[PDB]
Structure formats: C-alpha cells, structure tokens
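Below are the chains, spelled out letter by letter.
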Amino acid sequence: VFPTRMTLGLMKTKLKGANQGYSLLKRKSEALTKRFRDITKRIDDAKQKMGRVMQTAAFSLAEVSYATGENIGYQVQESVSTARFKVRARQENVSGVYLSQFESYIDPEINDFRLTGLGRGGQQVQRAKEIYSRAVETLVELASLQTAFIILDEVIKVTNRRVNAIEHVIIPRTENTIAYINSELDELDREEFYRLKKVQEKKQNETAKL
Amino acid sequence: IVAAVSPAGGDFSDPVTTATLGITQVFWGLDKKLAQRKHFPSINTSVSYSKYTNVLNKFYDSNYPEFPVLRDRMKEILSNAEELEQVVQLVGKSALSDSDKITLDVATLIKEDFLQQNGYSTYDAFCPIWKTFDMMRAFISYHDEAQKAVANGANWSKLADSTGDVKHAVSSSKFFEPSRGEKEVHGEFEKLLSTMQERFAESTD
Amino acid sequence: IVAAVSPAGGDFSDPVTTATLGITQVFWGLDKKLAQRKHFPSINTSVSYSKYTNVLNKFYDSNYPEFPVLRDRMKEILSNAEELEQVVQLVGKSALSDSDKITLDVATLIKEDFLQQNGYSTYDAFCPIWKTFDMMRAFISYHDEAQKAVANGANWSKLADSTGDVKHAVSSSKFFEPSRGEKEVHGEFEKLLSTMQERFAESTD
Amino acid sequence: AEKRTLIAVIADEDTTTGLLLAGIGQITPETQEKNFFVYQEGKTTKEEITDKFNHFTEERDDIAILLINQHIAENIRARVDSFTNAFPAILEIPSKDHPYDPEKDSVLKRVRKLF
Amino acid sequence: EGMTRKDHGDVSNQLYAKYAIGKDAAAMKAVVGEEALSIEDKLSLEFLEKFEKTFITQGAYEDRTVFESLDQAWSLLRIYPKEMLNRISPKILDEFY
Amino acid sequence: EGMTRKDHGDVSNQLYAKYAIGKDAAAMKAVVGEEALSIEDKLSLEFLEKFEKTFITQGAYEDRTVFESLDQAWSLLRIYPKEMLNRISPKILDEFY
Amino acid sequence: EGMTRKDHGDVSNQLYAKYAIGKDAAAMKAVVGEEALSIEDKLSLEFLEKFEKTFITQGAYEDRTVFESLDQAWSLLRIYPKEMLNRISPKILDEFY
C-alpha cells in the first residue's frame, strides 16, 4: 500500500531516527541501570544501618518504657497533637528522569512534649525522647532515598521495554518495504526499457533505409 | 461470481488483484498470522467489507435472529482488538486495563473458533447462520457482562479463570453436529447465556 | 528567472527537478508536513543554497544591511529546532536545557512571523530590506539575551516571565507597517532596542 | 513542590512510642485522626493494619514516607508487595527483636527481577 | 462574503494542523507509549478523536449548511487555550471565539 | 485409519497453532520481558522450546515413527489447559490429553 | 616522513574520536539535560562546538596548510587532560600538547 516511486526517502530518515532513538534509549537505560545498581546497594546498606539504629533506638525506648513502669505511649499519644520533626519535599534529580529528595527540618517553636515531671521516669523519658528524635532524624535521612530508588527502578523497566520493543520492531518493516519498493521500481524500469527497445528497433530499421 | 486471485511475484500490488478487487464490491482478506495457525480462510474486519449485508439484514432479521447488530458489534470488537493487539505487543501488558483483556481474549477466541472452518470432519466446516449468530451473541453477551462486571470492581485473571468451562463450552459448540435442537437452533446457547448471566453476578460480587 | 517546479514522479527524484536543480543557482526548501498544515509558504533550512550571497554581501556592506548575519543565526536556530523537536518527540519530554527551549521558543516566533504569509499578516504588499533586517535583530537579540541571561545564572520561568510584553509585541510587530516614525524603520524596532536592555537586565536580576 | 511534612509509622509500641516521642507524626485536628497507627503484639488484627496502610497509602497525601516493620509487613506482604508507588514511599526496616531479612523487602523483589 | 463565513478558511488551517498533530500524537502514543507524550499530545489526541467522529459523522440524506458546519466545527476546536493556535488572525478569531 | 493414527490431524493442527502461538508469545515475551508476560505465554514458550528442542531435533539416520511422534506430541501438548484447547474434538481430548 | 607531519595521523583520529564523542554527548545532552549532563559529554561537547567553528571554519581567500591545521587542532585538543589522551605517542604528545 506504500508508494512505489520515491518512497524509500522517508523510510530511510524514519529508520535513522528510530535507530538514533533506540541508541539514546539504550544509553539512557544503561545509565539508569548503572545508577540503579549503586542505588540498590546503597539502599541495602542504608536499610541495614537504619535497621540497626532502629533496633538500638527501639531497645533504648523499650528499656526506658519498661523501666518507667507506666504506659508512656498513651501519655505520649495523648500529649502529641503536633509534628515537631517534619520533612521538606524537594526535586533533586540528576538523571534521565526526575528524582525525589527529602530534607529534615525542626521547628524552633516546637519544644519538648510535656511528658516529664514524674520523678525518676521524667528524665529517662526526656532523654529517651531526645535520643529517639536524634535516631529518628538519621533514620529518616537514611531512609529518604527509597522514593528515588523506586522511581529509578520504575523508570528503568519502561525505558528498557520501550528501547527493546522499538529496537526490536523498528527496522524490519521499512527495511523490507524499501527493498520491495526499490525492486518494484527497478522491475518497472526494466519492463519499460524492454518495451522501449522493441519500439526503437523498428525505428532503427525504418531509419536505416533512408 | 466468486473468483480468488494470487500474486505472481510475492506481492499484493499486482494488476490482477488490484483490478479484480477494485471492480468488485466484496472483499475477503487473508492474514498470514491467522493462516499460519491452520485457519482457512482468515477473514478480519479491517481487510473485509460488504455493503449488501445491510439489505440482507432485513430478511436475515425477519427469518432469523438479529445478526446485523452482532456483525457491527463483532466488527467494533475486532477493530478495538486489532489495535489492542499491537498496543499490547508494542508497549506491553502493563499499560492497558482489564476491559481490553476481555475484548482481546474474546476477539482471539472468536477469531480462532470462527476463523477455523476446515476441521477434521464434516461437522467443523458446515455451520448455519443461527449457530454463528447464537455463538457470536453468547460471546458478545459474555464480553458485555464481563466488561460491566469488571467495571464494578474485579480482576481480569479472576474473571477469566473464574469462567472456566463456560468459555470453553461456547468454543466447543462447533465440534457438535448441526442437527441438534429443533432443526438448526441448538439449545445449549440458551443455557450458556443463562450460565453466563448467573456467572456475571458472581463475578461482580 | 523564477520558474516554479512541479511534481512529475517522486518527491525529489523527478527528472525536471533533478535536471533543473543542477542548472539553477538559488534553491529554496518546502516543508511537506507544514504545507498540508496550512503553513504555506514554508521553507526548509537544511535544503537550501545560494551563490549570490557572497557577491551580494559586498553591495550589502555598502548599503549597511544586516540580513545575512541574522539569517545565519535564524537558519542555525531553525536547524537546531527541528533536531530538538524531533529528539524531544522521539525520546520523550522528561528533561531538557533552557537553551533548547529558548531556541524552540525563538523558532516558534520566527516561524510564526516569517513562515506565516499569504493570509496571516496585515501588511504583505511591500516588504523593505530595513524592516526585514531589523525584524530579525529583535528575535536574535531576544534569543541571545535569553541565552546570555541563562548562561550567566537565571531561571527559565524567570526569564520567560521577565520578557512579558516583548514576546507578544515582537510576534505582533509583523502586522504593523514600516511607515510609522520614519520612512523605512518603525518605532517598535527603536523602542525594542531600549526595552530589550531593561527586559534583559530585569530577567537576569 | 513540598506537599507532605508528616511521616506514617506502623510498628511496635516501643518503636512507635519513640517515633511519636521524636515528633515524626501527630494527630490532625481537622478530623480527629492520628497520622500513625500503633501495632499491638497480639491485640491488633491484619485487617486493621491493611486498613491503616490502605488509608495511609492512598487516602492521605501529607505522608512523605510510610514506615513499616518487617514482622508486621509479613502479614501485609500481599498489599505491601502490590503497592509499588513512591507516593508515599515504602521503606522496610528491621523490627524490634528481629533481624534483617532480604525476603521482607518489596523493593528488593522487584529490583531483583530484571536487574 | 454573502454565501459563506469569513473564518471558514482560517479555521481549516488550525484544523489541519490539529488533525496532523492528532495523528502524530496518536502514532507516537501507540509507537513509543504513554510515558513519552507531551501536554499537547493529549489535547491533540482528544481533538483528533472528537473532530474525526464529530465533523465527519453524518447521514446520507440530511443536508448540512456551511453555517451549521462552521458552528459545529468551531465547537470542536475549543479544547485548548488561546495561546496554542497560530493559523488564524486574532481579530477574526476573537470575534468568533 | 490403517497407516496412521486417527487423532494425528487434531494433534498436528493443535501443535501447528500452538507453535505459532508459542512463537508469538516468545516474541512478545522477549520484547515485553517479565513485567507484563501473560500466563499462557510461559506455557506456550515452554511448549515451543520443548517441542522445538525435542520434536525438531533428530539425527541424519535415526528412524522415527509417526505413532511415537504423536504420542510424544500428545505428552508435550498436554501441558496446556483444557479451556485453551478448542481446536480438537471432545472425544479425542477425553481419550488422550 | 619529510613531506607531512608526524602527529597528523594521531591528531586526525583523536579529532575524529573527539568529534564522535562530542556528537554523542551533544545528542545525549538534550535527553539528559543541563543539570544532569556528564563532564565527558560537556568537555567533548565544548570541543565539538569549538572544533566545528575553528578547524572546519576557514576563509574564502585564506590558505591554511596542514601544519597550521595541526597546530589549530592541538589548541582544541589541549583542553583535554594528558590522562584522557591515548591516541598518540608520549614524546609527540608531551612535545605538542
């Protein structure tokens, strides 16, 4: 259904643009996987260190809560009505796609919660709250890269699937259609010249008599 | 007059096929992919057309069931399944919803059971218009009930695996003889439509 | 000698255009996709040649014209705009520098003011050389001021919002005649040179 | 831009008490609903953890990162493995009195296949 | 003037570019995927499906005037803002927009 | 019915359709990968690889009968489900899977 | 030796590799962006733009020999470090940097 005369000119530029886009998608997928491996290893090491620090902070908070002799979680949940430690969503993307970053921030007006003043348990609850916030800041700062790792891991499959599908399906249709149209044009030109030679052969013999 | 043509050099741009297809008013296509699976002949909605089906739909709707609505619904389902096959093949199966999977599977099952008209006996090659109308109406009502059942909250694998023998029973109706029922009208499609309607309420909840 | 060529076969493989392209000395392009989009008369920056520009540059030096200096930068920006649009449409819009967006933004106003003609402009009866040469100085000064402002430290939205009425006045300056103020130069070219320093200084700061 | 400042916490009473004492979460007064769910050892069911994870995953947009323990995430491994969006991000950390396991990470399973 | 509209030829230039942009966005959406399209590809893809099924949809015995075709064609063009059309004058476009 | 099996045509047509379905499922599974692979594409690619590496492999002088090739083709084609096989009779499918 | 330069063969291969790496870095620079571009793509991209207007740029009435072209290519190739230059000898690279 394609044009037989002068149809390979658009297919050559379309095949060259598809090959250039497949090469750029292959390079972007290779860089995305190369960053995704180190992001996966750093996410595993940060997950292990965050698990160890969360285990130490949970052991210290469990030791302070068990040493307090009372339900500190009910008083902390009842007295907790504001977020003292917050995070800021920012776009820090050095890659083919956009990445998610997080920055820890502490409010200056937000002081310590009123959970101390019960004798010996107040100082252990205040020190356990300060050590819990100090461990929670490094835990959130270590766990902030999971959105960027999940974003790069989500984009790498679409880039590899698009590069593999476009690179796999791009070349053979125009590659076969260009040779078919060129062969049909050459067969039509040879069929025209073969019919023209028989017409010129009578004119040569007719002009030879004069 | 029904005359078949073929190319003389391996292409479909010959003067016999273009001159014969240009003067005629009915076109019967041929697909190499459907023909490779032992489907003689493979006729699709994109490579086929006929203007006499509208005038034949009046007598075919008077002396028989409403085949003209099932022909337009089957052509509209095959037109969406044809682009859905290239869209699912090119981008992937993670960019389409569960509604297109029932149309692609119903178009593949209806194209496989309807395309194969050779068989291995005298029962897989002679089919009446009432058997094809009831078989197309059963798959059209099953796809329409599966789309409305999947639209209210459900999975495509849970609905296709939840159907089971209900989908293979309609596909296995072509292996039976055409003398069942009264004269040509098989009664299994009426119970298959009630079983698909009963399974449609269970597939939604 | 101005002889328009017509199609007598393929798009560029015709014998009239092939035999006529060798004997000619000036060649102009023609967008096939832009011609069907109602954007005639269109030209191609990649397919074009002229041999009288060197001899015309000597008389243009005595006439003090700046047409070829802005024409080379407009041909370079129009050449890079097709590669940026093709790479952006092929690779996908996920990331890009401000230089390609400013080059495509200048190529959109240059293609709208220069490409659109024969029904898209109010004044098309006479086109002076000073209005055409001074018209490209506003777009080249806006693209060079945006690239110099982005290179020295600035945001793309701060520079695009910093332009404001200058982009709409530079795009709408083609409808105005050159008979305002002087007999060969309009007042918008003189006011745009003073407003370009304030817009470039306000966009950078 | 920034549209979330609160962090969700789904863990034990010790880690949830330390995280609530640190100030990562709070209780919004617009609906009287807290931004965290305490997990009781043997007192809570999986329907409350899946309902709290489903309500904190898609029913709220102010949650930046969704915290979940490895022990509590094992009972919700179907809904946690089915959710792969980064808004909010799912970070599987080690639970209290439990070691690190690579099989309790939903990002490690998808990152392992076709790596 | 007197037997047709003035902006009928002006609307065909933007309708042709929107129809070509709808075919390019439709081919790019099926070829590359839904993760490589731009903001104009969605409005061009919806304008191509609405214009292809609205302007060319009619019967075989119902007459269609030029004013009804221009009024029905002007309603299908209103899918994007006024800063995305450049194949028409703003004076004639603002009077019939 | 005296020189070949009666179910050789149904197993030959079902193996011929399963070969092209396994080739299309392997071609779609090669480009798509493992993120959007269908459940039938894994059994079709496994039956296409086992049938291509078992039925296609043969020596230059090793004799083989059609009865053993139909029995091995029935066991190789028995990995598919009953709902997928719809190009054979129910008596031949109930007699041998 | 005696009718041509000695480092003209390695300078043409280094200029061709820097031009191909500058074309690949310029093509990948649009997809990667300005804030995420690599140092090799920016250093090769500056050498491609500087070499395209310096080495290929010549006068209509000016005559430039191969010795002046090699010295002009040595100035464009002097921006790269000594560790990133491995298509020439160490004596010719140290003498002509």
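- Structure determination for the deposited model, as stated in its record, used cryo-EM, and the stated resolution is 6.8 Å.

- The name the PDB entry assigns to chain E is V-type proton ATPase subunit B, from the organism Saccharomyces cerevisiae.

1. A closer look at the overall build of chain B
And then number 1: When its secondary structure is counted, chain B shows nine helices and two strands.
And then number 2: When its helices and strands are written in sequence order, chain B yields α-β-α-β-α-α-α-α-α-α-α.
And then number 3: On C-alpha atoms alone, chain B measures out to a radius of gyration of 18 Å, which is about the 17 Å that the 2.2 N^0.38 rule sets for 205 residues.
And then number 4: Referenced to the eigenvectors of the C-alpha coordinate spread, the extents of chain B come out at roughly 60 × 50 × 35 Å.

2. Remarks on the overall build of chain E
And then number 1: Across its full length, chain E holds four helices and zero strands.
And then number 2: Tracing chain E from N to C terminus, the helices and strands come up as α-α-α-α.
And then number 3: Each of the three principal axes of chain E carries a C-alpha extent, and together these read 50 × 35 × 15 Å.

3. A closer look at the interface of chain D and chain A
And then number 1: Counting residues at the interface gives 13 residues for chain D, matched by 13 residues for chain A.
And then number 2: It is helix α1 (residues 13-22) of chain D that provides the largest number of residues to the side of chain D that touches chain A, a total of three residues.
And then number 3: Tallied by class, the residues present in the side of chain D that touches chain A amount to six nonpolar, five polar and two charged.

4. Topic: the sheet that holds strand β5 (residues 63-69) of chain D
Residue and element names in this part refer to chain D.
And then number 1: Pairing is parallel in the open sheet, where four strands are placed in the order β4-β1-β5-β6. The open sheet has two edge strands, β4 (37-38) and β6 (89-93), and neither has a second partner.
And then number 2: For strand β1 (residues 6-11) and β4, the ladder comprises two bridges, and the chain directions are parallel. When the bridges of β4 are listed, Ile10 appears paired with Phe37.

5. Regarding the arrangement of the chains
And then number 1: Where seven pairs of chains are in contact, the pair with the most contacts is made of chains A and D.
And then number 2: In this structure chain D stays clear of chain E, and the shortest span between their C-alpha atoms is 16 Å.
And then number 3: A gap remains between chain E and chain F, with no contact made and the closest C-alpha atoms lying 13 Å from each other.

6. Things to note about unusual backbone geometry
And then number 1: Residues B:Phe40 and B:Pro41 are joined by a peptide bond in cis, for which omega reads 0 degrees.
And then number 2: One non-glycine residue, C:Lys38, lies in positive phi territory at about 65 degrees.
And then number 3: The residue C:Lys38 is located in the loop between α2 (32-36) and β2 (49-50) in this model.
And then number 4: For D:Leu114, which is not a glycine, the phi torsion comes out positive at approximately 65 degrees.
And then number 5: Examined against the element boundaries, D:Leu114 turns out to sit in the segment after α5 (106-112).

Rules used in this analysis
Residues numbered from 1 in each chain as written, not as in the entry; some residues may be left out. Chains lettered and ligands numbered in written order. Part of a larger assembly, values for the part shown. Heavy atoms only, no water. Residues with missing side-chain atoms left out of burial classes, pairs and counts. Helix = DSSP H or I, 4+ residues; strand = E, 2+ residues; numbered from the N terminus. Rg over C-alpha atoms; globule rule 2.2 N^0.38 Å. Contact = heavy atoms within 4.5 Å. Nonpolar A, V, L, I, M, F, W, Y, C, P; charged D, E, K, R; others polar. Pairing = 2+ DSSP bridges.

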